[PDB]
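Shown next, in structure tokens, is the structure this report addresses.
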Amino acid sequence: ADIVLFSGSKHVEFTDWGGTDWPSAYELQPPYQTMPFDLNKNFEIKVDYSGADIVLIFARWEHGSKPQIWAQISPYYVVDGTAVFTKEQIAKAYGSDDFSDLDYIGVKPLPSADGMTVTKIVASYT
């Protein structure tokens with residue numbers, strides 16, 4: 001499967017850390033939503049984009065005395081305008097590939113002048 005997570009054209013503005021928000025090309029909260037792809041399989045996220053450097057985030061909020069994880073990864077490669085982030089890379093930044101307590105997944109720009117445009121996001125099994 002090539003699962004189409006997003007298709008079309010979505011332009012995002014993000015200029016500075018001081019701002020009112022840090023928007024996303026694409027976001028999921030695994031505890032509050034059905035997952036559109038399987039995290040226990042060996043996935044890749046492929047993003048067709050333009051403009052700002054893009055990152056993929058897997059986050060677990062601080063709970064009790066288990067600390068917050070904010071695992072923010074750059075693509076494995078970007079080629080001809082498509083960034084590819086792999087499970088290996090995110091599982092390494094997250095500390096494990098145990099995504100049980102996973103709270104948030106986002107595809108987000110880093111600060112720029114032009115912002116980022118996304119035309120397509122795909123989940124893929126390796």
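Letters A, B, ... mark the chains of the structure tokens in the order given; residue numbers begin at 1 per chain; ligand numbers begin at 1, in order shown.
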Practice item. List every residue of chain A that DSSP, applied to the backbone, labels as alpha helix (DSSP H), and write the result as JSON, numbers by chain. Key: {"A": [87, 88, 89, 90, 91, 92, 93, 94]}
Mind dumping the selected residues with N, CA and C atoms as a short mmCIF file (atom, residue, chain, number, x, y, z; two decimals), in the first residue's frame?
```cif
data_model
loop_
_atom_site.label_atom_id
_atom_site.label_comp_id
_atom_site.auth_asym_id
_atom_site.auth_seq_id
_atom_site.Cartn_x
_atom_site.Cartn_y
_atom_site.Cartn_z
N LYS A 87 10.54 5.08 9.47
CA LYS A 87 10.34 4.57 10.82
C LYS A 87 11.62 4.46 11.59
N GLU A 88 12.72 3.94 10.98
CA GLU A 88 14.04 3.79 11.67
C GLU A 88 14.40 5.10 12.29
N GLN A 89 14.28 6.18 11.50
CA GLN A 89 14.77 7.51 11.94
C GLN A 89 13.95 8.02 13.14
N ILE A 90 12.63 7.95 13.04
CA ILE A 90 11.76 8.40 14.11
C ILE A 90 11.79 7.54 15.38
N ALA A 91 11.83 6.24 15.19
CA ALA A 91 12.03 5.32 16.31
C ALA A 91 13.38 5.61 16.98
N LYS A 92 14.44 5.92 16.23
CA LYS A 92 15.70 6.31 16.91
C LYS A 92 15.54 7.61 17.72
N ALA A 93 14.88 8.63 17.15
CA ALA A 93 14.67 9.92 17.91
C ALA A 93 13.68 9.78 19.04
N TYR A 94 12.65 8.96 18.85
CA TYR A 94 11.70 8.69 19.92
C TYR A 94 12.24 7.83 21.10
#
```
Exercise for review: Run DSSP on the backbone and give me the residues of stretch 38-101 of chain A it puts in strand (DSSP E or B), as number ranges by chain.
Suggested key: A: 43-51, 54-60, 63, 66, 69-73, 77-79, 82-86
Print the selection's residues with C-alpha atoms to a file, as a PDB file, in the first residue's frame.
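What follows is the written file out23.pdb:
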```pdb
ATOM      1  CA  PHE A  43       6.544   2.731   7.301  1.00  0.00           C
ATOM      2  CA  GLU A  44       7.911   5.683   5.415  1.00  0.00           C
ATOM      3  CA  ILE A  45       6.320   9.129   5.263  1.00  0.00           C
ATOM      4  CA  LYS A  46       6.863  10.815   1.888  1.00  0.00           C
ATOM      5  CA  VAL A  47       5.990  14.515   1.534  1.00  0.00           C
ATOM      6  CA  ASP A  48       5.714  16.525  -1.723  1.00  0.00           C
ATOM      7  CA  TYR A  49       6.573  20.055  -0.687  1.00  0.00           C
ATOM      8  CA  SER A  50       8.075  23.452  -1.444  1.00  0.00           C
ATOM      9  CA  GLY A  51       9.668  26.239   0.560  1.00  0.00           C
ATOM     10  CA  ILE A  54      10.194  20.353   6.977  1.00  0.00           C
ATOM     11  CA  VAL A  55      10.387  18.124  10.044  1.00  0.00           C
ATOM     12  CA  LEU A  56       8.421  15.180  11.348  1.00  0.00           C
ATOM     13  CA  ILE A  57       7.581  15.040  15.018  1.00  0.00           C
ATOM     14  CA  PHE A  58       6.480  12.138  17.300  1.00  0.00           C
ATOM     15  CA  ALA A  59       5.716  13.425  20.798  1.00  0.00           C
ATOM     16  CA  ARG A  60       4.622  11.887  24.122  1.00  0.00           C
ATOM     17  CA  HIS A  63       2.932  12.170  32.335  1.00  0.00           C
ATOM     18  CA  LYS A  66       7.790   9.574  32.654  1.00  0.00           C
ATOM     19  CA  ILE A  69       9.539  13.040  24.390  1.00  0.00           C
ATOM     20  CA  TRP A  70       9.593  15.460  21.499  1.00  0.00           C
ATOM     21  CA  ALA A  71      11.229  13.568  18.697  1.00  0.00           C
ATOM     22  CA  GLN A  72      11.790  15.960  15.774  1.00  0.00           C
ATOM     23  CA  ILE A  73      13.546  14.468  12.707  1.00  0.00           C
ATOM     24  CA  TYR A  77      16.561  12.285   1.933  1.00  0.00           C
ATOM     25  CA  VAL A  78      14.876  14.948  -0.157  1.00  0.00           C
ATOM     26  CA  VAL A  79      14.845  14.264  -3.888  1.00  0.00           C
ATOM     27  CA  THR A  82       9.862  14.883  -1.992  1.00  0.00           C
ATOM     28  CA  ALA A  83      11.144  14.419   1.577  1.00  0.00           C
ATOM     29  CA  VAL A  84      11.246  10.839   2.982  1.00  0.00           C
ATOM     30  CA  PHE A  85      11.212  10.201   6.716  1.00  0.00           C
ATOM     31  CA  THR A  86      11.588   6.530   7.811  1.00  0.00           C
TER      32      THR A  86
END
```
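Within 10 Å of residue A:100, once only C-alpha atoms are used and residues closer than 5 positions along the same chain are dropped, the contacting residues are residues 30, 31, 39, 40 and 60 of chain A.
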Pull C-alpha atoms from the residues just selected and write them as a compact mmCIF listing (two decimals), in the first residue's frame.
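Written out: selection.txt:
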```
# COMPACT_ATOMS: atom_id res chain seq x y z
CA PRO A 30 -3.19 8.95 18.11
CA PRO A 31 -5.18 8.80 21.34
CA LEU A 39 2.81 2.24 13.10
CA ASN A 40 3.78 -1.30 13.92
CA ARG A 60 4.62 11.89 24.12
```
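Of the residues under consideration (A:12, A:123, A:98, A:67), A:12 shows the shortest atom-to-atom contact distance to residue A:52 when counting only C-alpha atoms.
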Practice item. Would you mind listing what lies within 12 Å of residue A:1 as a ChimeraX atom specification, with only C-alpha atoms counted and same-chain residues fewer than 2 positions away left out? Key: /A:3-5,36-38,41-44,122-126
Residue subset to file, keeping N, CA, C and O atoms, as a CSV table (one decimal), in the first residue's frame:
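Saved to part-v1.csv:
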```csv
chain,number,residue,atom,x,y,z
A,3,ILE,N,-0.5,4.7,1.1
A,3,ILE,CA,-1.7,5.3,1.7
A,3,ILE,C,-1.6,6.8,1.5
A,3,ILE,O,-0.7,7.4,2.1
A,4,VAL,N,-2.5,7.4,0.8
A,4,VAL,CA,-2.5,8.9,0.6
A,4,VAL,C,-3.1,9.6,1.8
A,4,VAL,O,-4.3,9.6,2.1
A,5,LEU,N,-2.2,10.3,2.6
A,5,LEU,CA,-2.7,10.9,3.8
A,5,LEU,C,-3.2,12.3,3.4
A,5,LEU,O,-4.1,12.8,4.0
A,36,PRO,N,-4.5,6.3,10.2
A,36,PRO,CA,-4.8,6.0,8.8
A,36,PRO,C,-3.7,5.2,8.2
A,36,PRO,O,-3.8,4.8,7.1
A,37,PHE,N,-2.7,4.9,9.0
A,37,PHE,CA,-1.6,3.9,8.7
A,37,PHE,C,-1.2,3.2,9.9
A,37,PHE,O,-1.4,3.6,11.1
A,38,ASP,N,-0.5,2.0,9.7
A,38,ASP,CA,-0.1,1.2,10.8
A,38,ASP,C,1.3,1.4,11.3
A,38,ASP,O,2.3,1.2,10.6
A,41,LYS,N,4.0,-1.5,11.5
A,41,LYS,CA,4.6,-2.0,10.3
A,41,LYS,C,5.8,-1.0,10.0
A,41,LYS,O,6.0,-0.1,10.7
A,42,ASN,N,6.5,-1.3,9.0
A,42,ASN,CA,7.7,-0.6,8.7
A,42,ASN,C,7.3,0.5,7.6
A,42,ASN,O,7.3,0.3,6.5
A,43,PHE,N,7.1,1.7,8.1
A,43,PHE,CA,6.5,2.7,7.3
A,43,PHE,C,7.6,3.8,6.9
A,43,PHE,O,8.7,4.0,7.5
A,44,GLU,N,7.3,4.5,5.8
A,44,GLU,CA,7.9,5.7,5.4
A,44,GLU,C,6.8,6.7,5.3
A,44,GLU,O,5.7,6.5,4.8
A,122,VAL,N,2.1,10.8,1.8
A,122,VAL,CA,1.9,9.4,1.5
A,122,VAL,C,2.6,8.6,2.6
A,122,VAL,O,3.7,8.9,3.1
A,123,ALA,N,1.9,7.6,3.1
A,123,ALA,CA,2.5,6.6,4.0
A,123,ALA,C,2.7,5.3,3.2
A,123,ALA,O,1.9,5.0,2.4
A,124,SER,N,3.8,4.7,3.4
A,124,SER,CA,4.2,3.6,2.5
A,124,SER,C,4.8,2.5,3.4
A,124,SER,O,5.5,2.8,4.4
A,125,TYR,N,4.6,1.2,3.1
A,125,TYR,CA,5.2,0.1,3.8
A,125,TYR,C,6.4,-0.4,3.0
A,125,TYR,O,6.3,-0.8,1.9
A,126,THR,N,7.5,-0.5,3.7
A,126,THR,CA,8.8,-1.0,3.2
A,126,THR,C,8.9,-2.5,3.4
A,126,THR,O,8.6,-3.1,4.4
```
Check your understanding: When distances are computed from only C-alpha atoms, which of A:29, A:116, A:121, A:34 shows the smallest separation from residue A:14?
Key -> A:116
Check your understanding: atom CA of residue A:26 and atom CA of residue A:105 are how many Å apart?
Key -> 8.2 Å
Review point. Between A:76, A:27, A:117, A:8, which has the minimum distance to residue A:103 (counting only C-alpha atoms)?
Key: A:27
Check your understanding: With only C-alpha atoms as the atoms that count, which of A:110, A:64, A:18, A:25 lies nearest to residue A:6?
Key -> A:25
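The interatomic distance for the pair atom CA of residue A:102 and atom CA of residue A:10 works out to 25.3 Å.
Checking A:65, A:24, A:7, A:101 one by one against residue A:115, counting only C-alpha atoms, you find the shortest gap at A:24.
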